[PDB]
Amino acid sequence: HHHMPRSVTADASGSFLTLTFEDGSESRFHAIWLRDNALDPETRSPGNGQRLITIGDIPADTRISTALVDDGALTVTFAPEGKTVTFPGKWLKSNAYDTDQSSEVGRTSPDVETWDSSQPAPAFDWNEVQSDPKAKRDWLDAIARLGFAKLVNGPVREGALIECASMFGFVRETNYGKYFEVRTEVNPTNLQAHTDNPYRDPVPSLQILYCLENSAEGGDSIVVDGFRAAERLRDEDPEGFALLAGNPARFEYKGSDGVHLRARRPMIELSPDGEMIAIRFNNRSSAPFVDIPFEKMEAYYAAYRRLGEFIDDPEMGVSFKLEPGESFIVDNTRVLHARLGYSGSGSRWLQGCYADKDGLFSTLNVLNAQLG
């Protein structure tokens, strides 16, 4: 009834129509938008959903000739083509644009929930996510909503992290390989939270860390929600937030290992309509900020410092241990990671790799369709 069309009027111009639903709500649709979004077999390929026409193919003077609501659907005929198409009621309501578009600068998407140290680490079973699609769905949904999740009871096997990535997507291969070794000896001698690779564009969007061996005390993994840090800055200091979102920083890795990577991106990235979409924060690979005008540099640095203070706040960190066979994924466009200090001697062997979020969301979409 929210989605059941009742009636329609076409404007005298034919430039738009106004659809009334059974609950009394109205939604206006332009002729050009309706024509471009026609769902019939000659606009959208039945076999693959690809649109068969370009914007150039649609006559510039396209108008609604006539329209009618009947049996839960809208019939519309366009001029000058003479093309008649029908739209289900549910589709029109779901794809409506005649609505109040939220414009709040720095807002998070409704699909994510921000967190601090009160958030327990989401934890899922390695075997369950492979054999139970509901478990797999919930695992990937946790990564989508919260930006991280643990996988426990996995195999103590080299390269197992690559198998984890392959459950939903594909590894971003780099000059270090499809995965890399993180070996640590801790002894008396003795042998900040960040996002990885802000000097890569596009940034690798997921990171996996997988434990094979751990005999050292302490050194718990920590995750910090970049969106929560940014939210706190926005609420306290909107001008400071605007500075970090409104000017690009520079990142560079120029090692002796034959990799020289640079990127020009802001530390807080917004969509053009103000939604917070990414965080880049890494002290080790920050490079000279050449793009910020002189008049803003002092205040930019003050805001940068303040963001760092929120990131350094121990009340923001979620900490956990990785036993052999355990791993975690972070959304590397949002959630920062680090570890706590070691409190005892021993050895550690982790493996690390990157994967991409587009594959994760596709797999999640496919699972939601299969389960719903």
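So that there is no doubt, residue numbering starts at 1 and follows the sequence shown.
According to the entry, the deposited sequence has 4 to 9 residues without coordinates between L191 and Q192. With 349-357 and 8-16 compared on mean CA B-factor from the PDB entry, the stretch scoring higher is 8-16.
When 290-298 is weighed against 163-171, 290-298 comes out higher, by mean CA B-factor as recorded in the entry. Each of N214, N247, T75, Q207 has a CA temperature factor in the record; the biggest one is found at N214. Considering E275, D225, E185, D141 together, the PDB entry gives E185 the largest C-alpha B factor. For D196, the recorded CA temperature factor ranks within the lowest third of the chain's modelled residues. Among all modelled residues in this chain, the alpha-carbon of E269 has a temperature factor (C-alpha) in the lowest third.
When the CA B factors of the chain's modelled residues are split into thirds, the value for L39 lands in the lowest one. Sort the chain's modelled residues by C-alpha temperature factor and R280 lands in the lowest third, per the entry. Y97 sits in the middle third of its chain by CA B factor, as recorded in the PDB entry.
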